[PDB]
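Take a look at the structure below.
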Amino acid sequence: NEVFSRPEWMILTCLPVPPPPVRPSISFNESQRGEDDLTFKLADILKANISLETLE
Amino acid sequence: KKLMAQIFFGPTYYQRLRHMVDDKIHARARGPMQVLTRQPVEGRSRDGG
DNA sequence: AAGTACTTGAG
RNA sequence: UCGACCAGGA
DNA sequence: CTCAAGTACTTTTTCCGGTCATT
Ligand SMILES: Nc1ncnc2c1ncn2[C@@H]1O[C@H](COP(=O)(O)CP(=O)(O)OP(=O)(O)O)[C@@H](O)[C@H]1O
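Residue numbers (the authors' numbering), protein chains in the order written: chain A, 225 to 280; chain B, 1079 to 1127.
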């Protein structure tokens, strides 16, 4: 569909970052930070990206 | 008055089991909510729905 | 376990 | 205050 | 260039304390 789903959009260029309500931080006091699984994976994508960009 | 029927009566070894009502009985009408889903929590223990 | 949905392969 | 295993109920 | 067989995939009833590690 010309408007809602072009074949080109099946390939990712710009990734949407879901907000905290989706990936809540599990705080187990003050000092005990604790983040979600989805937060770790995004950080890892962002880690992987920063490397690829520096190489280029 | 004498019961019309005669009852089979005598001793029988009976066991007290661990399922006592006041350890089960639960009612929740609004209370603690899950962080993520924002829905009631699970179990009488957590006072869930 | 039993479909499906394909590749992989013989004649 | 998070979720995995185990053991149980009808 | 047809069709046999090998390849992979996706399901599996409903509600209802303790112990471990780590968040
Ligand atoms: N695994 C299970 N899943 C779902 N329902 C269950 C179940 N086990 C038991 N039940 C429920 O319990 C009902 C019958 O189980 P029970 O009550 O324990 C036997 P009973 O009626 O006490 O005596 P019976 O053995 O003479 O029939 C079922 O019809 C069902 O509704």
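Yeah, the Cβ is synthetic: ideal placement off N, Cα and C, and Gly gets one too.
- Boundaries of the alpha helix (DSSP H) harbouring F264 of chain A: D261 to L279, taken from the DSSP string.
- DSSP, reduced to helix, strand and coil, places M1111 of chain B within a strand of the structure shown.
- Relative to the Cα of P240 of chain A, the nearest Cα in the group A:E277, A:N273, A:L276 and A:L266 belongs to A:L266.
- Across the set A:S255, A:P243 and A:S275, the C-alpha of A:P243 shows the shortest separation from the C-alpha of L262 of chain A.
- Its Cα nearest to that of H1104 of chain B, the residue B:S1123 stands out among B:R1094, B:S1123 and B:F1086.
- Of the candidates B:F1087, B:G1126 and B:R1096, B:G1126 places its Cα closest to the Cα of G1109 of chain B.
- With a contact defined as Cβ atoms closer than 8 Å, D260 of chain A and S251 of chain A miss out at about 11 Å.
- Secondary structure of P231 of chain A (DSSP, three-state): helix.
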